[PDB]
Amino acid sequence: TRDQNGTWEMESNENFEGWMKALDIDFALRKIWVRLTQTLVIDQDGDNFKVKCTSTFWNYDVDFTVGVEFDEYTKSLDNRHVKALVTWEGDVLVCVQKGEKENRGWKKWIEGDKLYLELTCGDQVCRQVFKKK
């Protein structure tokens, strides 16, 4: 489905370390962040999304409109300027973050009460699975 609204609690995280290292996150932050629980709260109304990512450590809000490019400065992550664009490919939400790193972005799929998130950077993919609370 296209409807991603909900509070989503992480159940599995595969290769998060490799994706962080591909973004050049400092080693000591990687070791703290690598096995943190994550909750994603998604508020979706038409094209407008408000996504809140929370863990006991860093705590992000990003807001976007599907089909509208936006500047992002990833101040709490690798501290880069990207031009981000979120679109639908059928029922799959696709984000491309254009900038220094190649193949940088993410894709979200919803099956049932499961949200699948694939984060990419370079040759690394991180696969996360969330359950709807």
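Note that residue numbering follows the sequence shown and begins at 1.
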*Comparing 27 to 35 with 58 to 66, where is the mean C-alpha B-factor higher?*
58 to 66
*Once you work out the mean C-alpha B-factor for both 44 to 52 and 90 to 98 from the entry, which is higher?*
44 to 52
*Whose CA atom has the top B-factor in the entry, of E14, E118, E111, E11?*
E111
*Which third, lowest, middle or highest, does the CA B-factor of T1 fall in along this chain?*
highest
*Going by what the PDB entry lists, where does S76 fall on CA B-factor within its chain: lowest, middle or highest third?*
highest
_CA B-factor placement of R127, once the chain's modelled residues are sorted into thirds_ = lowest
